[PDB]
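A.B. asks: Sharing a structure here in structure tokens format.
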2 protein chains.
Amino acid sequence: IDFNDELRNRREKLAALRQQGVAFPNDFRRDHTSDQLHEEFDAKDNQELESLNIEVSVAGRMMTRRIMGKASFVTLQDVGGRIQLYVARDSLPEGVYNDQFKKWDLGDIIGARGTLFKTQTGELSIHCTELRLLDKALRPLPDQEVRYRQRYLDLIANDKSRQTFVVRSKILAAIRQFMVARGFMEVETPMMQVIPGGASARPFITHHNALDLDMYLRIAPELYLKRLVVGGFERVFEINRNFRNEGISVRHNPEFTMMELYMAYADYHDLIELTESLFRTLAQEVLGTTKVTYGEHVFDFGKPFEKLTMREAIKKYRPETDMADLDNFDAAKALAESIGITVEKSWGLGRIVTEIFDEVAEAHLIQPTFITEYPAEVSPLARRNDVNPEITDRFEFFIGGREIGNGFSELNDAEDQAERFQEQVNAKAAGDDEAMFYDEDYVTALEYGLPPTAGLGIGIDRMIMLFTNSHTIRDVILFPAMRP
Amino acid sequence: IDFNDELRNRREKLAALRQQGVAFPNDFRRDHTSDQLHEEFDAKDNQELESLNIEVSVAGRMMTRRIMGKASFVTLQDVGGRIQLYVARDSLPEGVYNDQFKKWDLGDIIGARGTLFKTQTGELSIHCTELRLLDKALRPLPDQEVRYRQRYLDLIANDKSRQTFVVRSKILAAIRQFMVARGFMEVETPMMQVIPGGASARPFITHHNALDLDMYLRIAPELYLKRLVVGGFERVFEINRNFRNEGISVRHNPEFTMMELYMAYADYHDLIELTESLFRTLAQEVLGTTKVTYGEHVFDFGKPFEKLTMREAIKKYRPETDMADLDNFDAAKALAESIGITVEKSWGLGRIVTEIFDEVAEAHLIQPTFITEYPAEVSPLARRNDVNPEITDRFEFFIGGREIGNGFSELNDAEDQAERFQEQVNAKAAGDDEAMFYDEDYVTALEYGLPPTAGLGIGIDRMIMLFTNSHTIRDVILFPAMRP
Ligand SMILES: Nc1ncnc2c1ncn2[C@@H]1O[C@H](COP(=O)(O)OP(=O)(O)OP(=O)(O)OP(=O)(O)OC[C@H]2O[C@@H](n3cnc4c(N)ncnc43)[C@H](O)[C@@H]2O)[C@@H](O)[C@H]1O
Ligand SMILES: Nc1ncnc2c1ncn2[C@@H]1O[C@H](COP(=O)(O)OP(=O)(O)OP(=O)(O)OP(=O)(O)OC[C@H]2O[C@@H](n3cnc4c(N)ncnc43)[C@H](O)[C@@H]2O)[C@@H](O)[C@H]1O
Ligand SMILES: [Ca+2]
Ligand SMILES: [Ca+2]
Ligand SMILES: [Ca+2]
Ligand SMILES: [Ca+2]
Ligand SMILES: [Ca+2]
Ligand SMILES: [Ca+2]
């Protein structure tokens, strides 16, 4: 009703601008943004701003306007923030005030040129000697999911989302710097693979027409990264997007940004210290402090993370459990059923134990926590432990009740890797469509030999969630997946 | 072959290492890499190295060995380069030399701990007080396509490809640094879109199971990035991978790295000077000079690039052309046929002129050259010129006979964009499967209004080709697409 009246009115105004000339001038140039004028002239008296004649030009969206009849006050908005404009009838060229400015609408992109002063409240404002219309907005300035469908409106309105994504950029940059300072080289491994691997999930399938070849979207860079380690890049990492067919969730998006790093001649303890130093560095550089407020909790990243094994977490958060039930398939299956887990025919003992850990523990790990000693069945790419060959040297890394990152001592054994891939093929035959495939090339690389290597990966979106006080992954991803 | 016999021999050795204990020790740590020891102690004679007892430990692949019977010489290779080891029988623990060292094979991953000295030739060497086998290579040390299929072998053998990809990493880092210094914010936009756009090519199609939605792989970030410029991020860029269904060519890969930047309140001339400053800066920082040797040519990036229009290039590289034939559909179609272009029913006049430019000109542009004044038919997202509504303000930027990047003043007109989208849908209906789709959401964003904006994009792989003296894109991409 009233919205379509605005649409017709503004549309007819744009058409009138077409009538008389150029309605889309691209020639306007600005020498300043609001955040710069604030970061410089915020604390200066109107006496110093009057003696120094400082002319600036800015451009942005017109957010608010108050017309007082030959003097008007405008709120202008650009990347850095808001700056205030003083629009005077007799301080502009003839007719600009009455025949142009007063006919503009909120949301139109304009630009202004004037001298700096401060109002009676001490606010920095630009007395306008020139004002003109760069673009005419056809819709006026702006349920809970509409923020995610049209993110431009969310960015225009709420500054919390703006700060969230700016913080995301700053965090990514700080991560690249923290990795480079330690001697790691950032690479680009294929995003489209013939054989997907490196994790367990449903891959996306597409078709390459020129080669008539069905290819999968990457579920993990892992195998190609370790191939590059065989090549002799012994400190390597990739921060890039992986694709999984799983589905939408608060913690899940079909395409997400992940970091995977690998350093030779190290084990997973080095990656524990590397993780703690990573979060301490991002906490100090990105925000203010090692103490980060998240929801109803406070994370202290100057404090070492809590370390537990998987069985220690199961027994910790379910003390009534008999730990002998985890040494037998039938008792473990009965236990998992008692929790409410639906067991699959393809599941072995280790998988049942791990799922029991998922239902019992994961939701209770709030403070940052490392979970170690995973079974070999659910860790096909991880190095076997020396004392207990049925478990691998591995850890998953949890913050705020969700898995953040994953790291392990990589398995450089060729025959063992091939055999566990065989097990994964058997599992895929048994109905588990998240199971990996058999990759013969990676086995060949391991036969050319892979130095003892540790490797880590971290879902970046989860991390930025933790640092922005954002409780949904949709708040931290610019254009997440929707449900039409 | 004799290769398989040695392979079985190494496998038997590895099994013997399983028999007597741990065959995959991960506990060895190194405090130095070869490039560090070279960057420090290369300038010191054996007199200074004798007074200072400097003990270092290194680890890496054993490339060469000469066993002289209680004295041996080993070349060790790691990330930073090669370093030489002096393995003495009586300088190691008992049995290490005879029962272990002499049984190792070339390519095995080892580690050494010793004191620094210089041989009679001045070579920096590590006298080994300890040596042990970290990983046992099951296959011995290694043109055509083998380099591309197995890249660990290429990186192990050829030191040229190594520093090719290292130069790639350093270039990418320098590009992010060069963009951040100018106020651009790096951004992540979807890799999977419901409606692909921003370019013309066959997209990859896949299926999301949870949403029962068929989705396309990104052919360009453009639409989402400009959406974010509407949101108020007025300097944005994305360096990330785009997917197109094309084929394997010298200049083509199905998945390739792209940079797309957008700055509001600017036109394409600002992007021309931005590009020249970009290549001059990268050339000075990475290669130490403005003059870059590529093949048989020398590019000078301290020199401004050559500027031509499209018709000026058609007439320059085909002077017998009558430029009136490009103003009429039948004359232009007959002309393109005379060149050998196969015209399609969906092609209009501007398309014919652009394809004539491609056949006549592109292969002849060796020195960096800007080509301006593109027709609106092949530039649906570009702002129309003021004097000639049938052409748009746009340029494509060529080096070494290939296209590198393209940039234009973006089209902020909503109705015009809608109409050009309509024409692209008509083109798809007319048989052209590279034509775009109709994106209603982007039109909606343009109706919320997009400030006057200029935008650019650059194939990164082509650029790294120019800076590595690589004449195929396969040399500059770690794992390119192969033919099974
Ligand atoms: N489709 C779904 N819908 C609803 N609930 C689901 C779900 N899938 C799992 N869950 C929940 O998770 C619990 C246990 O299932 P898991 O499969 O073990 O947990 P996960 O969160 O999916 O981590 P995963 O192990 O699979 O990824 P990876 O380390 O290889 O990779 C390393 C890092 O990558 C990140 N990551 C993985 N998948 C991601 C995704 N779709 N989106 C964003 N980040 C992701 C993670 O931070 C991870 O740490 C379940 O009980 C369930 O509640
Ligand atoms: N599959 C094929 N096989 C054999 N010959 C072929 C071929 N395709 C084209 N050719 C030859 O090239 C000539 C001209 O064709 P064009 O289509 O005009 O040249 P192009 O290299 O394909 O640039 P394009 O137009 O597609 O990219 P865009 O501006 O959107 O902007 C994207 C930017 O990113 C880069 N880029 C685009 N696609 C890329 C890819 N697969 N790999 C690496 N970089 C790519 C580019 O620098 C580009 O500027 C043809 O006559 C033909 O001889
Ligand atoms: Ca999962
Ligand atoms: Ca898990
Ligand atoms: Ca995991
Ligand atoms: Ca193309
Ligand atoms: Ca073209
Ligand atoms: Ca092009």
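The chains in the structure tokens are called A, B, ... from first to last as shown; in each chain the residues are counted from 1, and the ligands are counted from 1 in the order shown.
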Give as number ranges by chain the residues surrounding ligand 8 up to a distance of 9 Å, considering only C-alpha atoms and all ligand atoms.

C.D. replies: B: 199-200, 396-397, 403-406

A.B. asks: Quick one: write out the picked residues with N, CA and C atoms as a PDB file, in the first residue's frame?

C.D. replies:
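Okay, again-v2.pdb is ready:
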ATOM      1  N   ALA B 199      29.359 -13.385 -15.562  1.00  0.00           N
ATOM      2  CA  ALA B 199      30.183 -13.730 -16.707  1.00  0.00           C
ATOM      3  C   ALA B 199      29.350 -14.607 -17.630  1.00  0.00           C
ATOM      4  N   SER B 200      29.972 -15.071 -18.713  1.00  0.00           N
ATOM      5  CA  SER B 200      29.312 -15.926 -19.694  1.00  0.00           C
ATOM      6  C   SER B 200      30.118 -17.208 -19.844  1.00  0.00           C
ATOM      7  N   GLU B 396      39.187  -4.441 -21.422  1.00  0.00           N
ATOM      8  CA  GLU B 396      39.850  -5.703 -21.155  1.00  0.00           C
ATOM      9  C   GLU B 396      41.347  -5.499 -21.330  1.00  0.00           C
ATOM     10  N   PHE B 397      42.116  -6.225 -20.541  1.00  0.00           N
ATOM     11  CA  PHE B 397      43.516  -5.908 -20.309  1.00  0.00           C
ATOM     12  C   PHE B 397      44.336  -7.143 -20.662  1.00  0.00           C
ATOM     13  N   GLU B 403      44.286 -12.711 -22.502  1.00  0.00           N
ATOM     14  CA  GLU B 403      43.577 -11.816 -21.600  1.00  0.00           C
ATOM     15  C   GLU B 403      43.994 -12.094 -20.163  1.00  0.00           C
ATOM     16  N   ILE B 404      44.211 -11.026 -19.408  1.00  0.00           N
ATOM     17  CA  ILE B 404      44.587 -11.112 -18.001  1.00  0.00           C
ATOM     18  C   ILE B 404      43.422 -10.716 -17.105  1.00  0.00           C
ATOM     19  N   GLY B 405      42.915  -9.499 -17.267  1.00  0.00           N
ATOM     20  CA  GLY B 405      41.806  -9.036 -16.469  1.00  0.00           C
ATOM     21  C   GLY B 405      40.884  -8.160 -17.291  1.00  0.00           C
ATOM     22  N   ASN B 406      39.758  -7.830 -16.679  1.00  0.00           N
ATOM     23  CA  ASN B 406      38.735  -7.007 -17.289  1.00  0.00           C
ATOM     24  C   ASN B 406      38.124  -6.144 -16.198  1.00  0.00           C
TER      25      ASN B 406
END

A.B. asks: Within 9 Å of ligand 7, which residues of chain B come that close, and what is the closest atom pair and distance in Å for each? Count only C-alpha atoms and all ligand atoms and give it as a Markdown table.

C.D. replies:
| residue | atom | partner | partner_atom_place_in_ligand_line | distance |
| --- | --- | --- | --- | --- |
| B:351 | CA | ligand 7 | 1 (Ca) | 8.8 |
| B:354 | CA | ligand 7 | 1 (Ca) | 6.4 |
| B:355 | CA | ligand 7 | 1 (Ca) | 6.7 |
| B:357 | CA | ligand 7 | 1 (Ca) | 8.2 |
| B:358 | CA | ligand 7 | 1 (Ca) | 6.4 |
| B:378 | CA | ligand 7 | 1 (Ca) | 7.8 |
| B:396 | CA | ligand 7 | 1 (Ca) | 8.5 |
| B:403 | CA | ligand 7 | 1 (Ca) | 8.8 |

A.B. asks: Taking only C-alpha atoms into account, what are the residues of chain B at most 7 Å from chain A, put as a PyMOL selection string?

C.D. replies: chain B and resi 26-29+78-79+109+134-139+151-153+155-156+169+185-187+189-190+204-210+227-228+230-234+245-247+265-267+447-449+451-452+478-479

A.B. asks: Using only C-alpha atoms, which residues sit within 10 Å of residue 420 in chain A once same-chain residues fewer than 2 positions away are excluded, as a tab-separated table (two decimals) with C-alpha atoms, in the first residue's frame?

C.D. replies:
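After the write, around-v8.tsv holds the following:
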chain	number	residue	atom	x	y	z
A	376	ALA	CA	41.18	-45.87	14.70
A	377	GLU	CA	37.83	-46.66	13.07
A	378	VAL	CA	36.72	-43.01	13.01
A	379	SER	CA	40.26	-41.68	12.34
A	380	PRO	CA	41.36	-43.33	9.08
A	381	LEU	CA	44.04	-40.73	8.26
A	415	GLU	CA	50.01	-50.24	4.01
A	416	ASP	CA	48.04	-49.08	7.05
A	417	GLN	CA	46.48	-46.23	5.06
A	418	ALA	CA	45.51	-48.55	2.21
A	422	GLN	CA	39.67	-50.72	2.42
A	423	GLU	CA	37.70	-50.60	5.67
A	424	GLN	CA	36.09	-47.33	4.53
A	425	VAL	CA	35.07	-48.97	1.25
A	426	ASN	CA	33.56	-51.89	3.18
A	436	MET	CA	35.53	-42.18	2.23
A	438	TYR	CA	39.82	-45.50	-1.99

A.B. asks: Residue 65 in chain A: which residues within 10 Å, counting only C-alpha atoms, same-chain residues fewer than 5 positions away excluded, as a list in words?

C.D. replies: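 Skipping anything fewer than 5 positions along the chain leaves residues 72, 73, 74, 75, 76, 85, 87, 102, 104, 105 and 106 of chain A.
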
A.B. asks: Name all residues at most 9 Å from range 36-39 of chain A (count only C-alpha atoms; drop same-chain ones fewer than 4 positions away) and give them as a list in words.

C.D. replies: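 In the requested form, the answer reads residues 32, 43, 80, 83 and 124 of chain A.
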
A.B. asks: Restricting the output to N, CA and C atoms, write the selected residues as a CSV table (one decimal), in the first residue's frame.

C.D. replies:
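Done, and the output landed in out.csv:
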chain,number,residue,atom,x,y,z
A,32,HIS,N,37.7,11.9,1.5
A,32,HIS,CA,37.7,11.5,2.9
A,32,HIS,C,36.5,10.6,3.2
A,43,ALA,N,38.5,15.5,18.5
A,43,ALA,CA,38.8,16.4,19.6
A,43,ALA,C,39.6,17.6,19.1
A,80,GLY,N,33.0,4.1,6.8
A,80,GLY,CA,33.5,4.3,8.2
A,80,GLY,C,32.5,4.6,9.2
A,83,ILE,N,28.7,10.8,9.2
A,83,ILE,CA,29.1,12.1,9.4
A,83,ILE,C,28.0,13.0,9.1
A,124,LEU,N,31.1,17.0,14.9
A,124,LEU,CA,31.8,17.4,13.7
A,124,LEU,C,30.8,17.4,12.6

A.B. asks: Write down as a ChimeraX atom specification the residues of range 74-172 of chain A whose backbone DSSP state falls under strand (DSSP E or B).

C.D. replies: /A:74-78,81-88,109-118,124-135

A.B. asks: Emit the selected residues as a PDB file, in the first residue's frame, including C-alpha atoms.

C.D. replies:
ATOM      1  CA  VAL A  74      21.488  15.554   7.067  1.00  0.00           C
ATOM      2  CA  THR A  75      23.036  12.318   8.344  1.00  0.00           C
ATOM      3  CA  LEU A  76      25.450  10.867   5.773  1.00  0.00           C
ATOM      4  CA  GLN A  77      26.714   7.287   5.965  1.00  0.00           C
ATOM      5  CA  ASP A  78      29.706   5.541   4.354  1.00  0.00           C
ATOM      6  CA  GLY A  81      30.383   5.473   9.835  1.00  0.00           C
ATOM      7  CA  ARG A  82      28.128   8.503   9.860  1.00  0.00           C
ATOM      8  CA  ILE A  83      29.149  12.126   9.363  1.00  0.00           C
ATOM      9  CA  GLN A  84      26.763  15.066   9.625  1.00  0.00           C
ATOM     10  CA  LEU A  85      26.057  17.613   6.883  1.00  0.00           C
ATOM     11  CA  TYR A  86      24.747  21.170   7.250  1.00  0.00           C
ATOM     12  CA  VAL A  87      22.751  22.060   4.130  1.00  0.00           C
ATOM     13  CA  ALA A  88      22.158  25.810   3.864  1.00  0.00           C
ATOM     14  CA  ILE A 109      23.342   8.221  -2.680  1.00  0.00           C
ATOM     15  CA  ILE A 110      24.683  11.790  -2.567  1.00  0.00           C
ATOM     16  CA  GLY A 111      27.986  13.560  -2.121  1.00  0.00           C
ATOM     17  CA  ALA A 112      28.945  16.812  -0.474  1.00  0.00           C
ATOM     18  CA  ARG A 113      31.820  19.277  -0.336  1.00  0.00           C
ATOM     19  CA  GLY A 114      32.261  21.819   2.427  1.00  0.00           C
ATOM     20  CA  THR A 115      34.272  23.201   5.326  1.00  0.00           C
ATOM     21  CA  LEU A 116      34.623  21.494   8.704  1.00  0.00           C
ATOM     22  CA  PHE A 117      33.016  22.948  11.823  1.00  0.00           C
ATOM     23  CA  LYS A 118      31.355  21.773  15.033  1.00  0.00           C
ATOM     24  CA  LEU A 124      31.801  17.429  13.730  1.00  0.00           C
ATOM     25  CA  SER A 125      29.834  18.643  10.703  1.00  0.00           C
ATOM     26  CA  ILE A 126      30.530  19.706   7.127  1.00  0.00           C
ATOM     27  CA  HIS A 127      29.128  23.055   6.032  1.00  0.00           C
ATOM     28  CA  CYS A 128      28.158  22.280   2.452  1.00  0.00           C
ATOM     29  CA  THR A 129      29.323  24.556  -0.339  1.00  0.00           C
ATOM     30  CA  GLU A 130      28.348  21.874  -2.883  1.00  0.00           C
ATOM     31  CA  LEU A 131      25.801  19.055  -2.866  1.00  0.00           C
ATOM     32  CA  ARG A 132      24.607  16.723  -5.618  1.00  0.00           C
ATOM     33  CA  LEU A 133      22.795  13.435  -6.242  1.00  0.00           C
ATOM     34  CA  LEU A 134      24.962  10.501  -7.327  1.00  0.00           C
ATOM     35  CA  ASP A 135      22.263   7.791  -7.395  1.00  0.00           C
TER      36      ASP A 135
END
